[PDB]
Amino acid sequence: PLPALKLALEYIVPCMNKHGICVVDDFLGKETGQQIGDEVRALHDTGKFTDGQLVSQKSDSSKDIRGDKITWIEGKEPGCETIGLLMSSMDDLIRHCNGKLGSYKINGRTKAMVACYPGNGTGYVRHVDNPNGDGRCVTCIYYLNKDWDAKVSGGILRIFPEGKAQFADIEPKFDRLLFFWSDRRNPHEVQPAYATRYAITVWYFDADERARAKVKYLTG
């Protein structure tokens, strides 16, 4: 990947503060991207994926909301070394953004969500990643679909940034890295996918909001 300092300070930071969405294409290069693809396909082939879940579960099936199957990756697992390198490269960019992404203080993140929409028209209805203050402030997604033709296979991530005259269509392009504010400024949907679609997400936490959310959880 490119030098983290310049990419963070001269592109990611201004793009995020002005637009709340930032696309970095050709993030890791073809070789590393293909190694990540092989690791993800191996997770898929060995039965690691389970139905994607929601923050709050009511009467409805999760599959009426999101049709993907996922697994959580810490980064040090055998067979996930290149996913780990991806996560460390994401983290390096974020660390070089310290104190420049809005008013957030980013001290931590989730594990990586490796997610697959297995074609068949699966998608994710319009939603907000963090609508009620669970600590998530930045969503970071890496796409790894070599040969994706969105005009036939669908799977576009459509974001509706608040206050803007146009929505943002993000094709799940090979080696594309995406950042966006996780809060209600960026409702978004994964449009139906007609081929197997892979992406890896980490969510970065704002320290004070995440502390408040942990307190709420630990007190009931």
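The term rigid core refers to the maximal set of C-alpha atoms that superpose within 1.5 Å between the two forms. All residue numbers refer to positions in the sequence shown, first residue = 1.
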query: Higher C-alpha RMS shift from the shown form in 5 other deposited structures of this protein - 141-149 or 126-134, rigid core fit; finding: 141-149
query: Positional deviation of Cα atoms in 5 other deposited structures of this protein after core superposition, greater for 41-49 or 167-175; finding: 41-49
query: 93-101 versus 130-138 - which carries the larger mean C-alpha B factor in the record; finding: 93-101
query: Which of 156-164 and 177-185 has higher mean CA B factor, as the PDB entry lists it; finding: 156-164
query: Ranked against its chain, the third holding the CA B-factor of residue 88; finding: middle
query: Modelled-residue ranking by C-alpha temperature factor, third containing residue 17; finding: middle
query: CA B-factor placement of residue 150, once the chain's modelled residues are sorted into thirds; finding: highest
query: Assigned third (lowest, middle, highest) for the C-alpha B factor of residue 112; finding: lowest
query: Where the record places residue 71 (Cα B-factor, split into thirds across the chain); finding: lowest
